[PDB]
């Protein structure tokens, strides 16, 4: 313990958050005693068991694009920082969550070119305010096929399964082999179709804004790492030419973040490590330089108290993800010496901001004056279809990273504020990797055997 915060406790809780998002029939390894079985008929409108996975955010839709992004990110965290997970006693918990979500993706893949990408209707799900276990509305399931395709979600799902096949191989080699086979199939599905025309049920929520070429590289990278089949490296490298551009230009867009929609920056980082090529160093360093000291004379906005601030919706999600990339690249022997220090320092600053360096934690159930009214149906647990009843949440959503402050560091803590005070799978994903690095560096002991029991 050498750092400003208890990073082990923070890591432990940030992993635990995913328990609270669990959908379906809860297995005996679940630690908490306040979530119960939910959404048990998921899939039955299409003759399948599609139970499992995670509810996305403060809602109960299963949106497989951010869900699969999260899956990949959690495996990437283990792939980079396994020894931090082992030392903190957190490996078994993150592997449990990685197995959980990827088991749901396997369920969603019932024929080679049939992939279910959503369970729940956004409008019906969001119109009701109550806990998961007592939902009564219809929860339709949605699929892409060869004639009605979804390359972006399929490819991101391939990535998740390929990454899981690596990190779960020691514990469950049989399941790992199953994941890899589904990953390879889903990748072929994404490649043969090259289209999102059938990916419609997430519209207004998780549209594919950047297109699927970033996912085609990212999934091929993971599949190369899982297989050592050089064809996947060829494809990953190839698809770089179609990565998202600054509009009107031929320059890859470095001014956003690695996120559920756009995974090119993480793909670049891993391609720099795999191949050593300058092309990829140039990509990832433009991005990381823009976030830190500047690139070609422009830098991201910073709040007065030191948050790198991309957007008002999920600012902490973006900063904390970029923190994880900064750590992974600065840990690499190929990073320029000086940028190592700049990038690590940046990552520290952003995690410490999340954890409370500005005077207040943004992590539910952690630190000083954390959020107490996150925009989350199940944590709140209304019996009256009302955000105001009860006045206080009946359950603590330990570990949940909220959306974050305004550009002036301000924040309130309102149940109704889904911009600054929602919580989500993708918000915690890169955060968990970054917290593992901080624990590696600075320690802080997890609460021993901590379980969220009421």
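Positions refer to the first chain, counted from 1.
- Look at the mean CA B-factor for 224-232 and for 370-378 in the entry; the higher one is 224-232.
- When the C-alpha B-factors of 30-38 and 43-51 are averaged, 43-51 comes out higher.
- Of all the options 93, 317, 258, 87, the entry's greatest CA B-factor is assigned to 87.
- In the PDB entry, the Cα temperature factor peaks, among 407, 387, 417, 428, at 407.
- When all modelled residues of the chain are sorted by CA temperature factor, residue 285 is found within the middle third.
- Sort the chain's modelled residues by C-alpha temperature factor and residue 266 lands in the lowest third, per the entry.
- Ranked against the other modelled residues of its chain, the C-alpha B-factor of residue 440 as given in the entry falls in the middle third.
- Sort the modelled residues of the chain by CA B factor and residue 160 lands in the lowest third.
- Residue 249: CA B factor in the highest third of modelled residues in this chain (values from the PDB entry).
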